[PDB]
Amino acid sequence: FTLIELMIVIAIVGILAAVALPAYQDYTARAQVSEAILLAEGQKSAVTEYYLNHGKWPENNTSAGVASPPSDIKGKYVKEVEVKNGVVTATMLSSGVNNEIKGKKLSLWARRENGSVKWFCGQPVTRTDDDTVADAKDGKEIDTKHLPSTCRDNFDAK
């Protein structure tokens, strides 16, 4: 009468689940900041446009011509995407999101390569003047380990 065998099949499938669980824990999280990166990129057409027609970066959502409260640009895992001086920053939700990324953010910003803009993707940044941004790392930035290698630009990137 065989408990042992079953206890072994359970034992071997449960240390493997334990072993797999970190990887998929990290997998899911990269899939949830993907969305953040995609809600932020939607907005570059409008920021680019605004800068190009005028020489000034859009001050906010309403200058840039996108839904004026940031909370209207939201997703399954993102709460709000916000244009603040041409820099667009996406904040992750704090529900349905992995705890090491809940409520955290990234930013996309551009630089003028006179005639067009050049875009960057990375951890949050604040615009200091029409051509420099500075790190806005306040402790709520998405960790480097969950950002795609396409979205790893430091504040001074070019």
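So that there is no doubt, residue numbering starts at 1 and follows the sequence shown.
- Mean CA B-factor, 64-72 versus 45-53: the higher value falls on 64-72.
- Here the stretch with the larger average CA B-factor, out of 124-132 and 88-96, is 88-96.
- In this PDB entry, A29 carries a Cα temperature factor that places it within the middle third of its chain's modelled residues.
- Sorting the modelled residues of the chain by their CA temperature factor places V117 in the middle third.
- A36: CA B factor lies in the lowest third for its chain, per the PDB record.
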